[PDB]
Each structure stands twice: as C-alpha cells, then as structure tokens.
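Below you'll find the structure, written out as structure tokens, and then a few comments.
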Amino acid sequence: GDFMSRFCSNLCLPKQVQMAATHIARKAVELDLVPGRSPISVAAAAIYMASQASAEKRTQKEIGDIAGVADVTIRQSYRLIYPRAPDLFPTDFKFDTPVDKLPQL
DNA sequence: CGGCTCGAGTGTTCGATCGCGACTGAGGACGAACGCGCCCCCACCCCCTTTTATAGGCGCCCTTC
C-alpha cells in the first residue's frame, strides 16, 4: 500500500482503483496467495488486475516499465493471483469488465 | 749736479662668476615572501575463485504475426 499511492499517481489512476488494488493486494497477502514473488511485483499485478477491472486499463509493459519489474514476472504474479481475481476485489467496487472477462497471460 | 714725474713688471687679497652637486619627491621596474595545486609516496585494507544448496529475478533466442 505504501507504493499504491505514487504508482497509481504516476498512472493518474483514481483512488477507487488505487484503493481496490490495495484491498486486492491486502487480501492476497493475508491469504499468502503469492508466497514467493516480491510484494511490489505482487502489488503491480494487483494494480494491473485493478486497472484491468476499470476503464483505466494499461499494458503490463507500461506497468512493468513503471515498477521496473520484468513483464514476465508480473505475468507470473498475475497467474498466481488470477485464480482469485473475482473474490480478491473489495466489496465496494464497480466493474468496468467482468472478472470472467479478465484477460489471461 | 739733484729732485721729481712716467711706464713696466710682479705680488696678494678680494670682488665677481658660475658651473656642479647635494637634497627631496615621484615614477618605473624588479624581487621576495606569500601562495596554490599537483604529483609522489606510504599506509591501510579490499578484490578475485570455487563448491554446495535455494529461490527469485531476468536476458536472450526462436517463432509467429
């Protein structure tokens, strides 16, 4: 969450996406869904997922470029969080794309 | 066969010249104390390599669009 602020800022993402990502991240770590990947890598994928759950979608490479992590590392981290993509979202959220329609990579 | 009035030549201070040097200040050039920085040396301590085990990050290539 300490990096949710500036990165989402650097993407000019609205707080609701930013906050949604934070929950997604928070829920994921409490459940230890990703016992390996760096939390920033995990956070970026959450941000990605979040951005992919809003109109403010971005390509992994752009996100990857902002976070500095490898685009495959997000892709892997995404693969780890994707099984719970629907339930990881906060209860106070408004989809722009169904979790079913969340892309795979 | 005696006095007495020139002219000529020499010596000693003193008046009159007068060029030179001393005294003072300003200007110009050079030097020394002061000064700056680099280069050199000594001192102190890191750098490289391998093996075995793990795992997260990641770069490159091959293929397809």
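Positions of Cβ are backbone-derived with ideal geometry, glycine not excepted, and every protein chain shown enters the neighbour counts. Every number in this text was worked out from the coordinates using simple rules, so none of it is lab data.
Over chain A, dividing the summed -39,500 (n - 2.57) contributions of all DSSP H runs of at least 4 residues by the number of residues returns a 222 nm mean residue ellipticity of -17000 deg cm²/dmol.
What percent do you get for the relative contact order of chain A when only Cα pairs under 8 Å and 6+ apart count? Relative contact order, chain A: 31 percent. Length gained on full extension, residue A:72 to residue A:15, computed as 0.36 nm times the residue gap minus the Cα-Cα distance: 17.8 nm. Normalised by residue number, the volume inside the convex hull of the Cα atoms of chain A is 85 Å³ per residue. Shape class of the range A:6-48 from the alpha-carbon gyration tensor: oblate, with a/c at 1.5 or above and b/c at least as large as a/b. Taken about its Cα centre, chain A carries a charge dipole of roughly 100 debye when the Cβ of each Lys and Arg holds +1 and the Cβ of each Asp and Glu holds -1. The calculated FRET efficiency for residue A:31 paired with residue A:61, based on their beta-carbon distance and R0 = 22 Å, is about 0.20. Remark: relative contact order (the range A:34-91) = 42 percent; criterion is Cα-Cα distance under 8 angstrom and separation of 6 or more residues.
Arranged from highest to lowest average of other beta-carbon atoms within 10 Å per residue, in what order do the peptides A:40-51, A:80-91, A:22-33 appear?
The peptides rank, most packed first, as A:40-51, A:22-33, A:80-91.
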